[PDB]
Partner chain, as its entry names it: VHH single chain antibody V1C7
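Take a look at this single chain in structure tokens; it is the form solved without the partner chain.
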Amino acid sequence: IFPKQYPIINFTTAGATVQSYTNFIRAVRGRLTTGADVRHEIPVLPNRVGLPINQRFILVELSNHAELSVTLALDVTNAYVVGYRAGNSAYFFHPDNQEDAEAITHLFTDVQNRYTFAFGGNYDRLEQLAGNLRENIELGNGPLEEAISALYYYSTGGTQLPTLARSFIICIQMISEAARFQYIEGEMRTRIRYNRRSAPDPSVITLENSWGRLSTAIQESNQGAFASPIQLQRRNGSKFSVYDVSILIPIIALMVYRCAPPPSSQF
């Protein structure tokens, strides 16, 4: 099927600063959504039913000023990493359904030969394979440099599975998760500004595990909002429950599509 050429946003961790982080993420965000569907002020991503494969994935090229470079394929419908190309090689997480496995075929069509992992890129799997939870894995510019190098040397043979999986958790959190939430983006910019290496707080973990849940809650909400509180965490492990959309508007940047508007028009 596919001709065209997917879109490419590149970032470099080399002389990384809070502005080039910030402009990397607006450029990712502006490449995931088409502007058509905003609901209670947040953008909604495309529906994977109605989508041509040429509109399906965007490409992120990351590099080091310390040599290497890798390209991650983001899926436009959930902003999440499906795989990557390193050198002459292309590696993909194991598609969990028949529609997706056909799609992934169109990603890095020039490569010598594509390899499909036995595991998925859902954190559950990746963190078991790293032997370490997201709370023990640090985030910051210096973690992503390392991760680009680990990703790059799995093609050659440094390889080592725990470390690959730990590099995947760092990339997905500093690109996909930061695109989805202006809270996690700013969290990553606090680390770059002060040269911190820091494991993410309980706040960050809960938002990430609630992305699909907040997208449903906001989309089937009423006006005002919602049929059930979504419970969330503070930076310190605490409390609160959310019953409405207004607190969520400066904190979710993108939502996955759950249901169409009441006709093509609303919010």
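Residue numbers count along the first chain shown, from 1.
Just so it is clear, the following notes concern the form deposited with the partner chain bound, a form of the same protein that is not shown.
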Query raised in the report: Is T163 close enough to the partner chain in the deposited complex to count, meaning some heavy atom within 4.5 Å?
Result: yes
Report task. Please run the contact check for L72 against the partner chain in the deposited complex: heavy atoms, 4.5 angstroms, yes or no? Result -> no
Report summary line: Within 191-205, the residues having any heavy atom within 4.5 Å of the partner chain in the deposited complex are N195, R197
